[PDB]
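> Top line first, the protein sequences correspond to chains B, D, A, C and E.
Quick note on numbering: the first sequence equals residues 12 to 35, 58 to 123 in PDB author numbering.
Quick note on numbering: the second sequence equals residues 12 to 35, 58 to 123 in PDB author numbering.
Quick note on numbering: the third sequence equals residues 12 to 35, 58 to 123 in PDB author numbering.
Quick note on numbering: the fourth sequence equals residues 12 to 35, 58 to 123 in PDB author numbering.
Quick note on numbering: the fifth sequence equals residues 12 to 35, 58 to 123 in PDB author numbering.
Ideal Cβ positions, reconstructed from N, Cα and C, are used throughout, including at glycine.
There's a structure below that I have some questions on.
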Amino acid sequence: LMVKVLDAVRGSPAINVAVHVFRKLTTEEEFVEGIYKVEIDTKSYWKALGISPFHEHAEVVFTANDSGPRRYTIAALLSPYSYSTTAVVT
Amino acid sequence: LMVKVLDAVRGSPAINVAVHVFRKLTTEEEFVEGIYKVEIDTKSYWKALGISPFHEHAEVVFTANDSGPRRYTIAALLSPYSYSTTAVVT
Amino acid sequence: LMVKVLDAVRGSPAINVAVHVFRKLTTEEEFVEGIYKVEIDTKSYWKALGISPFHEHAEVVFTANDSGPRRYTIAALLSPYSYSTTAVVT
Amino acid sequence: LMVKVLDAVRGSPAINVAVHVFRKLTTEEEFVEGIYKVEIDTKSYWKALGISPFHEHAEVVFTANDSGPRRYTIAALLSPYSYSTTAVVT
Amino acid sequence: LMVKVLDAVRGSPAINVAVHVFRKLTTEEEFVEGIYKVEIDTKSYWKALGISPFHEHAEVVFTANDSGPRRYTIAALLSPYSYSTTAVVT
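If you want it as structure tokens, here you go:
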């Protein structure tokens with residue numbers, strides 16, 4: 012096994028490189066999560082409550098209200114640039 | 012095995028490279066999640082509650098209300114550029 | 012095994028490199066989480082409450098209200114640049 | 012095993028490098066969390082309450098109110114730059 | 012095993028390097066948390082309350098109010114620069 016990336020560079024590039032080499058209730062093992070990973074406004078309400086939740090008798094009301102004014106302005110996500118003009122105006 | 016990417020570069024490129032080499058209740062193992070992964074406004078309400086939820090007797094009302102003003106303005110996602118003009122105006 | 016990244020560089024590049032080499058209730062082992070990972074406005078309300086929550090008798094009301102004015106202005110996320118003009122004006 | 016990154020550099024690059032080499058209720062072992070990890074406005078309300086919470090009889094009201102004016106202005110996240118002009122004006 | 016990063020440098024680069032080499058109720062062992070890790074406005078309300086909280090009979094009201102004016106202006110996060118002009122004006 013032998014990988015080679017970007018051996019010779021002349022100039023001024025804008026580079027995003029990720030080299031991953033692998034050789035060989059909730060269970061996760063022998064992994065990698067989130068190599069260049071972006072989460073914007075990620076919501077998780079109920080996750081992995083437990084072994085025995087709400088088992089015998091339960092009266093549950095679940096109101097999830099996502100509202101209100103929300104502005105997300107991203108000029109560049111995971112987007113390298115060179116000799117470029119990036120601007121957000123208002 | 013031998014991979015080769017972008018051996019020689021002259022100039023100023025805008026590059027997004029990802030080289031992945033592999034050699035050989059909820060269970061996930063020996064994996065990779067999210068190489069250049071973007072989640073915008075991702076919602077997960079109920080996930081993996083548990084072994085015995087709401088087992089015997091349950092009275093559950095589930096109201097998921099997604100409303101309200103929401104503006105997402107992304108000029109570039111995973112989109113490299115060179116010698117370019119990127120702008121968001123308002 | 013032998014990896015090689017960016018052997019020779021002449022100039023002024025804007026570089027984001029991540030080389031990962033691997034050789035060989059909630060359980061997570063032998064992993065890596067968050068190599069160049071961005072979380073903006075990430076919400077987790079109820080997670081891994083416990084072994085026996087709300088077991089016998091429970092009266093639970095769950096109101097999750099996400100509202101209000103919220104402005105997120107990011108000029109560049111994980112986006113290196115060279116010979117570039119980046120600006121956020123208001 | 013032998014990795015090599017950025018052997019020779021001439022100039023003034025803006026570099027973000029992370030080399031990770033691995034060789035071989059809530060449980061997490063033999064891992065690394067947060068290599069170049071950014072959390073902005075991360076919220077976790079109830080997590081890992083305990084072995085036996087709210088077991089016999091519980092009357093719980095849960096109101097999570099996220100509101101109010103909030104401005105996040107980040108000119109560059111994990112985004113190195115060289116020969117560049119970065120500005121936030123108001 | 013032998014890693015090599017940034018063998019020869021001529022000039023004035025702006026560098027962020029992190030080399031990690033590994034060889035071989059809440060439990061976490063044999064790990065590293067937070068290599069170049071940034072938390073801005075991170076909130077954790079109830080975490081790991083205890084073995085037996087709210088066990089027999091509980092009347093709990095939970096109001097989490099996040100409001101008010103809040104301005105976060107960061108010109109550069111984990112973003113080295115060289116021959117650059119960085120400014121925040123108001």
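Within 10 Å of its beta-carbon, does residue 83 (chain C) have 16 or more other beta-carbons around it, so buried, or fewer, so exposed?
Per the 10 Å Cβ criterion, buried.
> Using only alpha-carbon positions, find the residue among E:69, E:18 and E:98 that is nearest to residue 29 (chain C).
Checking every option, the nearest Cα to that of residue 29 (chain C) belongs to E:69.
> Could you check where the beta strand (DSSP E) with residue 72 (chain B) kicks off and where it finishes?
Residues 59-73.
> Do residue 27 (chain C) and residue 117 (chain E) have their C-beta atoms closer together than 9 angstroms?
Against a cut-off of 9 angstroms, the Cβ pair of residue 117 (chain E) and residue 27 (chain C) comes out as no contact.
> So residue 95 (chain E) and residue 121 (chain C) are supposed to be a Cβ contact under 8 angstroms. How far apart are they, rounded?
The Cβ separation is near 37 angstroms, so there is no contact.
> My output table needs one value for residue 116 (chain E): the three-state DSSP class, helix, strand or coil.
Three-state DSSP puts residue 116 (chain E) in coil, outside helix and strand.
> Quick one: residues in its chain with C-beta nearer than 8 angstroms to the C-beta of residue 110 (chain C), no 5 flanking neighbours on either side, listed in chain order?
Cβ within range, chain order: 71.
> Buried or exposed, going by whether 16 or more other CB atoms sit within 10 Å of the CB of residue 31 (chain A)?
So residue 31 (chain A) ends up on the buried side.
> Roughly how far, in whole angstroms, is the beta-carbon of residue 22 (chain A) from the beta-carbon of residue 22 (chain C), given that I think they are within contact range, below 8 angstroms?
Confirmed, about 5 angstroms.
> Of all the options E:114, E:87 and E:33, which has the alpha carbon lying nearest to the alpha carbon of residue 14 (chain E)?
Measuring from the Cα of residue 14 (chain E), the nearest candidate turns out to be E:33.
> Going by Cα to Cα distance, which pick from A:88, A:119 and A:99 is closest to residue 78 (chain B)?
Residue A:99 is the option with its Cα nearest to residue 78 (chain B).
> Inspect the beta-carbon positions of residue 115 (chain E) and residue 25 (chain E) and report whether they are closer than 9 angstroms.
Yes, Cβ-Cβ distance for residue 115 (chain E) and residue 25 (chain E) is below 9 angstroms.
> What is the C-beta distance between residue 86 (chain A) and residue 86 (chain C), in whole angstroms, given that I count them as a contact (C-beta under 8 angstroms)?
That belief holds up - the Cβ atoms of residue 86 (chain A) and residue 86 (chain C) are roughly 5 angstroms apart, short of 8 angstroms.
> Using beta-carbon positions only, say whether residue 75 (chain B) and residue 80 (chain D) come within less than 9 angstroms of one another.
The answer is no: Cβ separation not under 9 angstroms.
> Distance, Cα to Cα, residue 35 (chain D) vs residue 89 (chain A)?
Distance between the alpha carbons of residue 35 (chain D) and residue 89 (chain A) is about 48 angstroms.
> For residue 107 (chain E) and residue 108 (chain C), I'd like the C-alpha separation in whole angstroms.
Roughly 7 angstroms between the two C-alpha positions.
> Just how far apart, CA to CA, sit residue 59 (chain C) and residue 61 (chain A)?
Roughly 8 angstroms separates the two Cα atoms.
> Would you kindly work out how many angstroms separate the C-alpha atoms of residue 63 (chain E) and residue 63 (chain D), rounded to a whole number?
Going by the C-alpha atoms only, they are around 20 angstroms apart.
> With DSSP as the reference, label residue 122 (chain E) as helix, strand or coil.
Reduced to three states, the DSSP call for residue 122 (chain E) is coil.
> Rounding to the nearest angstrom, what Cα-Cα distance links residue 119 (chain A) and residue 104 (chain E) in this structure?
Cα to Cα, the separation comes out at about 20 angstroms.
> Would you grab the beta carbon distance between residue 16 (chain D) and residue 16 (chain B) for me? Rounded to a whole angstrom, and I think it's under 8 angstroms.
Contact holds; Cβ gap of about 5 angstroms.
> Mapping the DSSP letters down to three states, classify residue 18 (chain B) as helix, strand or coil.
It is coil, neither helix nor strand.
> Which residues bound the beta strand (DSSP E) around residue 84 (chain B)?
Taken as a continuous stretch (DSSP letters only), residue 84 (chain B) belongs to no beta strand (DSSP E), as it is neither H nor E.
> With DSSP collapsed to three states, give me the class of residue 35 (chain D).
If DSSP states are grouped into helix, strand and coil, residue 35 (chain D) belongs with coil.
> Give me the Cα-Cα distance between residue 91 (chain A) and residue 123 (chain A), rounded to the nearest whole angstrom.
Computed Cα separation, rounded: 50 angstroms.
> Run through the DSSP bridge pairs and tell me what residue 105 (chain E) is partnered with.
Paired residue(s): C:105.
> In three-state DSSP terms, what is residue 110 (chain D)?
It is a strand residue.
> Measuring straight from C-alpha to C-alpha, what distance separates residue 97 (chain C) and residue 97 (chain D)?
Cα to Cα, the separation comes out at about 15 angstroms.
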